[PDB]
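Q: The structure's right below; bear with me while I get my questions together.
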Amino acid sequence: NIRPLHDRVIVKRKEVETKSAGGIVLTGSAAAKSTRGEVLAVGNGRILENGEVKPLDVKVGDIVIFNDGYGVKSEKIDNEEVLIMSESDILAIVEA
Amino acid sequence: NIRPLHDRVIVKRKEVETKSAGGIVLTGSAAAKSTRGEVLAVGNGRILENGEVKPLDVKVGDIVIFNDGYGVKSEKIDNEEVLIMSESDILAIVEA
Amino acid sequence: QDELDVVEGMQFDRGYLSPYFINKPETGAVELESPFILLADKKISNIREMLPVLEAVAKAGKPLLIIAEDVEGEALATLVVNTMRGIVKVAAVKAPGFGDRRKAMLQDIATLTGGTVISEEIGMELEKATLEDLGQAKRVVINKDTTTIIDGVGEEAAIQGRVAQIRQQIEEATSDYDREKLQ
Amino acid sequence: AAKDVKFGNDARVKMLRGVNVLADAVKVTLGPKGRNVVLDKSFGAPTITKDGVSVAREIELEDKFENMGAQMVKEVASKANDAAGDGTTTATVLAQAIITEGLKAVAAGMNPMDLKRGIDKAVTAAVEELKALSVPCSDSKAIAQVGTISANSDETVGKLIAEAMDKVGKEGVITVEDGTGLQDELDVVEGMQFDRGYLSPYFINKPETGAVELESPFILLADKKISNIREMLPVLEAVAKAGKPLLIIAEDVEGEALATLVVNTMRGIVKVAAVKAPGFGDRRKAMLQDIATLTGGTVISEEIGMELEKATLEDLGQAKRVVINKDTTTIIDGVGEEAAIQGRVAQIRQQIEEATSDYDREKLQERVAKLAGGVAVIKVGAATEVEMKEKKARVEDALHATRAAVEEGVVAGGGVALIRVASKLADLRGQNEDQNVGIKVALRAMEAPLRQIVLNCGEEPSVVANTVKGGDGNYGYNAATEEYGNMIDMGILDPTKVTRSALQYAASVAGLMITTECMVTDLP
Ligand SMILES: Nc1ncnc2c1ncn2[C@@H]1O[C@H](COP(=O)(O)OP(=O)(O)OP(=O)(O)O)[C@@H](O)[C@H]1O
Ligand SMILES: [K+]
Ligand SMILES: [Mg+2]
C-alpha cells in the first residue's frame, strides 16, 4: 500500500475515452490522456505556517479532475500506473 | 455535477459575439473567445495561513469576467465546455 | 488496337489516401452506395473539426467521403479505425486540381452532389457542418489513381447554371490551357 | 539547324542503304551457325554478342539519311527485345526483307499506302495462322528444347532452365546473374526470402554457420521503427510466457530496445531476433502485409490503429522455421490460412495486370514468387568477363523464350513456321492490286528468316526454301546438321510469341518505312 505525504494525493488515472459522444472511436492523440482519475490515497494534510496539519478536502475513492504539468509525477504500484500530485493540482471532485 | 475546491470557480463561457454593435457579422478572430461567462459552480473558499477558509465573493449563476491564460483549465461535463479558474483570475461580476 | 475509354459524371485523377479504405479487396476499389460527401477547402490533420459531422453520419448510417486538400496522420488514422470498426464507412481522398482551380471544381462537385464546400473564406467551419451541408450521391468508386461519383444528388437547375457559368469562362478564356481545363 | 531534304527514290535508296547496313550487321548472327559481333565499348572491353538487339543498338551511321534508316529499323529489334526478349535478329531480318521487297514495288509505281495496307492485312492473317498453328508448350522436354535452341543449341542452358522452371513452378520468378565459377549454377529459394540480415551480430544461434535458427517461432511485424523497449514489452512478456522464439520485422530496431532484446537473447529468457523491414515506402507495407498473410499474423502500425502495447500473441505471426544470416532471411512454412494466401495472390496478380510499368510489375511478380512458389537465380559461369556477358545474354534469351513458350505456345523453328504460314496465306487478297502485291511481299519476306539461316549455314537459301515449301507440316531444315526432318521431333522449337512479335513489329515499321517519300535531316 502507498499513501502520500503533506497535501498530496495518489490518484489512478481513468481509462481514456476510446469512443466519442456519438459512437465515433477516437485513437491516438484523439484518445488524449484522461485528466480525470479516481483517488487511491489521501495524505495526512497540508502543513501551515503554525505547524498544524489541515486535512485535505479530497476523499479516498472519489473521482477527481487533475491538472498535468510539473506537479504530477508517475509511479508504478503493483504494476499499475498511478499519478502523484499536491491538492492544489487537484482541481475538483466529480459527483454523480 | 462538478464543484471546485479552495478559491476556484467553474464557469461556462458565454457565446462569442457573432454580431457587432451595428449588426456587422463578426467571424474568425473578430468573434474572439468571450471573457465573460456565467458561474456554474463556486468552491468552498480560499484557505488562509491560519487554517481558515474564507468564502468566495462570487455566487453560482452570476455572470463574471475571466482572464484567459495559465490559470484557466478546460473541461467537458455532459459534453459541454466549462472553464476552471481561481477566484483571483475571476475579474468582476456583471450586474444589470 | 484502338481502345475507347469513356467515363461519365465526376471522375478525377486522385486516389484514396490510405490502402485500408478498400471495401472490395478482390478489385482494390472502394464502393460506396448512396454516400455522404464532405467538401473541405482546408487540409485536415485533427479529428475535432468533422467530429460532429462524423457523429451525424454515424447516426444516419450512410457511408461518408471527404474531398479535402489533405487528410493525413491522426485524422486519417481515426477514419481508418472507424472504418474497420464499422460505425462509419468513411473514405477520404485528396482534392483534385491546384490553386484557383481546385476551389472551382470543388464547387462544381458541390453543385453536382447538392452540397456546399466548407471553407475559411465562405465562413462556416466543419464544427457546425451538418448532414444538409454535406453532398449526396448514389454511387461512388475509389481506386489507386481515379475517383468517380455516379449520379450526384444535385438540382438540375443548379447544374445548368454552373454549365452556363463555366461556358462563359470558356468564352472569356484566351489561353488554350485554361480553356481546355474549363472544357 | 539547317536541313537537307531528300525526295523520292534518292531518299529511299539512302534509307534502304542504312537499313541494309544495320540488318547486315544484325543478320550474321541468325541461326545456330550464325557468328558473333564485336561492339566497341568506350568504357571497358568490347562486347562479343550474338543477339541482334545489341548490334542494332550499336549501329549509327555517318550519313544522316542512312542513319535515319538505321534508327527506324533498329526500332524493330528494340521493340522485339522489349516485348518477347528473343527474335530480335529474326525481326530485323523480316523487317529488312519487307523494306527491300516493299521498296521494289514502290519503285514499280505501286501505291506505298496500299502496299502498307496489304502488308498489315497479310500480317494480321499471319498472326491468326500462327496462333492456329501453335501448340501449347507445358511439358518439360519441350521447354528444355526451347531453352536449348534459343541459347545457340546449348543443351546445358536449356536443361538448367527447364529444371529451374520445374522447381519454381509456373508462378516462380527466374533471373540471370553473374557467377563466380566456370559452370552454370542454379539457386532456388522457397517462401519469403527477403534480402535483409540481422541488425546485430550477436543473434547467431549457430556460430559455425553464422545463421540463426528458430524452430516454430513467433513473428512480430512492426511497420513503425522502434527505439524503446516499452512498446513490445507486453509482447516480450507474453512470448517469454509462451517460451517460443520471436523474430521482428521492423523498419529499424536500434539503441536501447535493440540492446535490451539482445541481452535477453543471451540470457535465455527469449530467443529473440530483429531484422529490418524489406523495401522502401509504398512497397514495404504491401509485402510486409504479404509476410503477415504468410505467417498468419497482422502488421502493427499507427495507420491500422492497434499499438505494440496492445499487441498480443494472436496478433503476431506464426511460422515453422526461420533462418537469419548476414545478408538475407528465410521463413519456412509460415502458418497462415491458405485461402488468404491465394486471395493475396489474386490481388497482387490484379495489381500486375493494372501495372503499366516494367519495374513495378516485376517487383509484384517477385512478391508473388516470394509468397507462393519459389525464386530461382541462375549464376552464369564463365572463365572470362566477355564470355560471362555472352553466356549471360544467351541464358537471358533462352529464359525469355521459355517464358514466351509457356505464355503462347511453340511452333517449328528455323523460320519454318513463317514458311507454313505464308503457304497457308496463298489465297489472301487485298482491296486492289497494290494491296495484293503488299501481301505477296509480306509472304515472300516471311521466308527471309529461313533463307538467312541457310545463308549463315553457307548453303543455298533458295534450294532449301523450295524444299521446305515442298514439304508439309513441321518438316523443315536442321541448320546445325544441315539435314531435313520434323523440327518438333528434331527439337527445334520457336516460341509463338517470339515469332509473332518479330513479324508484327517488323511489318509495322517496314510498312511505315516503305510508305515514305521525303526525308528531312540535319546537314553535315
Ligand atoms: N539447330 C537449328 N536448326 C534450325 N534452326 C535453328 C536451329 N537453332 C536455331 N534455329 C533457328 O535460328 C533462328 C534464329 O535464332 P537466334 O537465337 O540466332 O536469333 P533470334 O531468335 O532471331 O534472336 P536473338 O538474336 O535476339 O537471340 C530461330 O528462328 C531458331 O528457330
Ligand atoms: K542471333
Ligand atoms: Mg534468339
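Residues 2-525, in that order, are what chain D shows, numbered as in Swiss-Prot.
Recorded method is electron microscopy, 3.4 Å.
Any Cβ shown, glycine's included, is placed from N, Cα and C.
The annotation ATP binding site is assigned in Swiss-Prot to D:30-33, D:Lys51, D:87-91, D:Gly415, D:479-481, D:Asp495. Annotation comment: Swiss-Prot describes D:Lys34, D:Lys51, D:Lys117, D:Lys277, D:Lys321, D:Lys390 as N6-succinyllysine, evidence class experimental evidence. Residues annotated as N6-acetyllysine in Swiss-Prot, with experimental evidence given as evidence: D:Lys117.
Could you give the neighbours, burial and distances for every feature on this list?
A: Reduced to three states, the DSSP call for D:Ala480 (ATP binding site) is coil.
All protein chains shown were included, and the count of other CB atoms within 10 Å of the CB of D:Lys34 (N6-succinyllysine) stands at 18.
According to DSSP, D:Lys51 (ATP binding site) sits in a coil region rather than a helix or strand.
For the recorded site, D:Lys117 (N6-acetyllysine), the DSSP three-state label reads helix. Proximity of D:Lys117 (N6-acetyllysine) to non-local residues of its own chain (separation of 6 or more, Cβ distance below 8 Å) is seen for D:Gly439, D:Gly512, D:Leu513, D:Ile515, D:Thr516, given in sequence order.
Same-chain residues at least 6 positions away in sequence with a Cβ under 8 Å from that of D:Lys277 (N6-succinyllysine) are, in sequence order, D:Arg197, D:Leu200, D:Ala251, D:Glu252, D:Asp253, D:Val254. Look at D:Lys277 (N6-succinyllysine): DSSP puts it in a strand.
According to its DSSP assignment, D:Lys321 (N6-succinyllysine) is in a strand.
Within 10 Å of the C-beta atom of D:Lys390 (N6-succinyllysine) sit 19 other C-beta atoms, taking all shown protein chains into account. Secondary structure from DSSP puts D:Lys390 (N6-succinyllysine) in a helix.
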Q: Cβ under 6 Å from ligand 1: which of the recorded positions D:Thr90, D:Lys277, D:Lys321, D:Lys390, D:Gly415 qualify?
A: D:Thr90, D:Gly415
Q: List the residues of the same chain that sit at least 6 positions away from D:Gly32 (ATP binding site) in sequence and have their Cβ under 8 Å from its Cβ, in sequence order, or write 'none'.
A: D:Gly415, D:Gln453, D:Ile454, D:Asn457, D:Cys458, D:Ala480
Q: Let me know the DSSP-derived helix, strand or coil state of D:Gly32 (ATP binding site), please.
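A: Going by the DSSP assignment, D:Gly32 (ATP binding site) belongs to neither helix nor strand, so it counts as coil.
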Q: From the Cα of D:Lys34 (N6-succinyllysine) across to the Cα of D:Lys51 (ATP binding site), what is the distance in angstrom?
A: 11
Q: Among D:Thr30, D:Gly88, D:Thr90, D:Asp495, these being the binding-site residues, pick the one whose CA is nearest to that of D:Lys390 (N6-succinyllysine).
A: D:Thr30
Q: Taking the Cβ of D:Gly88 (ATP binding site) as the reference point, list residues of the same chain whose Cβ is under 8 angstroms away and which are at least six residues distant in sequence.
A: D:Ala81, D:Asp495, D:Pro496, D:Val499, D:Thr500, D:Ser502, D:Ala503
Q: Counting all other Cβ atoms within 10 Å across every protein chain shown, which of the binding-site residues D:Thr30, D:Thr90 scores highest?
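A: Per the Cβ count, the most surrounded site is D:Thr90.
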